[PDB]
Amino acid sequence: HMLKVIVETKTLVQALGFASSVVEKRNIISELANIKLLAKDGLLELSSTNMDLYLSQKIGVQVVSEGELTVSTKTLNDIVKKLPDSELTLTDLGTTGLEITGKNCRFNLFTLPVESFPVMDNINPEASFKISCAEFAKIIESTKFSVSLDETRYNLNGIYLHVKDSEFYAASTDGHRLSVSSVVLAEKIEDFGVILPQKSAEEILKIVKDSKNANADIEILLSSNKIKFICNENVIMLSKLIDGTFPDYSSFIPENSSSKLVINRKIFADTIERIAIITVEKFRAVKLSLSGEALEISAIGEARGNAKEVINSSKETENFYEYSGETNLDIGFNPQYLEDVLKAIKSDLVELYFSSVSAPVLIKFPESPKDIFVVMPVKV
């Protein structure tokens, strides 16, 4: 009936960090602030939910006595991440509550009855496939920054996850830019797509980036109302889906490109950032003045001043600049939208493909051919 386990403190801290992000108090059911602990079969199962997402983590423990309880997530998390012992002992003492002991310390935390705590929903998958955790992290990091934050563009406030011809794609757009990243699947699988809520994207990303699971694989199960992640077997996350229609973004991608810029990624990013300081929120734009000889990045800010920096031709890697264009091109962009892309891929060079002053740029990284980025320009 009553739980008693001995647990590795570092492993409980990691799990409590993941459970902490889940519990957001938009919902009146106060039991959902708690985390449920199930000791059984040599494992401690930790369950967290906010009614939109459900997280289940199984960690190895020494099970002295099996049992289950619920306890405040924040209170348990705040106490455990300040204990220096390598191991702790969790013991349920009934009316006292959950007792936590290390060498020479004792904490008692009131519990709540487990009967009302929800169990994870079922999923009846229409598509299932496995990719590596590092591969999943890449496509999420390549797309999370261009999700819309406009609550009225409801179908654009997530990450479109879809399989087309056995290739798994993530895509995001906000009406001003598009980001796509894909990995080829090893097994043939039929087409299916879902829209992942942004909060679920951020939670699963922290989980797959963890050093324990980096190097491992993640199983992704898709249905029409739910998505399920099984990350390194022990961590299971079930999420609801955004009920909407992701737009056909294939037509946003420019197929006819007149101009081509190849430039050192860091220099381009550093120069865009330092020039953008002068701008104001009401007009966030930098001007790229492109010619074969050099690029002039400039910007104006009302009642503050102006700024300009010149990048000259160089075949040297550290300062690379090459612009192959039939005509010279003067085109503007939101500096933030270029910066998001340039900081997404750790690469030496970056390529930009231009056409008209009102047509979007295609940004590619010759090291990462599966990452596609399109940014609309602005009048400058």
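From 1 onward, residues are counted along the sequence shown.
Judged by mean Cα B factor in the deposited record, 276-284 ranks above the other of 122-130 and 276-284. Mean C-alpha B-factor is higher over 303-311 than over the other stretch, the pair under comparison being 157-165 and 303-311. In the PDB entry, the Cα temperature factor peaks, among 254, 94, 113, 197, at 254. As recorded in the PDB entry, 213 shows the highest C-alpha B-factor of the residues 225, 213, 179, 108. Ranked by C-alpha B-factor against the other modelled residues of its chain, residue 244 falls in the middle third. Ranked within its chain, residue 5 lands in the lowest third, by CA B factor from the PDB record. Among the modelled residues of the chain, residue 69 sits in the lowest third by CA temperature factor in this PDB entry. Among all modelled residues in this chain, the alpha-carbon of residue 60 has a temperature factor (C-alpha) in the lowest third. Ranked by C-alpha B-factor against the other modelled residues of its chain, residue 81 falls in the middle third.
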